[PDB]
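The form deposited in one PDB entry is given below as one chain in structure tokens.
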């Protein structure tokens, strides 16, 4: 299936490459680049899995209570004949009642944008119904892989979520914080 392929691609070409080095990058940040006066960046990559595959490029905007602080130091490697391919991750602050309640490495799972685009382009032959189904299958497949992965499950948290189309005003920062605080 499409989701099976994207989930393995996301593991093989990214997660298994970055997650075993992520701890050291975050420690290195917290010791040398982090504001002296602020809380340490939490450990683990937090991965946002919107099942409707709505993935903005600006996470900082879009949500008032989630703001970009800084980048982790880059990770570089040679991959597929590209010298020094760069993998970068961004640090965000999470707000609760107008003040910082948490700080973490946070991003959307990029392959969900692929499922979104594919539902948009006619040549892909991929419907909006297929997209939801493939989204859930992506997340499941990804959870199964991470469950027996050495490149651990324990350096990331998957945050899957649905926003109501019946409109009950969803809170993304509270979702992260919920996951963040399970780790405290």
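Positions refer to the first chain, counted from 1.
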Looking at the other compared entries that model both neighbours, is residue 173 missing coordinates in at least a third of them? no
Do a third or more of the other compared PDB entries fail to give coordinates for residue 83? yes
Comparing mean C-alpha B factor in the record for 81 to 89 and 96 to 104, the higher one is 96 to 104
Between the two ranges 67 to 75 and 110 to 118, the one averaging a larger CA B factor in the entry: 67 to 75
Candidate set 141, 58, 127, 134 [ranked by C-alpha B-factor, highest]: 58
Comparing C-alpha B-factors across 165, 160, 22, 17 in this entry, the winner is 165
With respect to C-alpha B-factor, does residue 47 fall in the lowest, middle or highest third of the chain as deposited? lowest
How does the C-alpha B factor of residue 145 compare with the rest of the chain: lowest, middle or highest third? lowest
Sorting the chain's modelled residues by C-alpha B-factor and splitting them into thirds places residue 40 in the middle
Select lowest, middle or highest to describe the third in which the CA B-factor of residue 156 falls within its chain in this entry. middle
Please rank the C-alpha B-factors of the chain's modelled residues and tell me whether residue 26 sits in the lowest, middle or highest third. middle
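The form deposited with a small molecule bound exists for this protein as well; it is not shown, and the discussion that follows is about that form.
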Check for me whether the small molecule, as it appears in the deposited complex, comes within 4.5 angstroms of all of 61, 64 and 100 - heavy atoms only. no
If you check in the deposited complex, is residue 29 within 4.5 Å of the small molecule, heavy atoms only? yes
Hey, in the deposited complex, does residue 36 get a heavy atom within 4.5 angstroms of the small molecule? yes
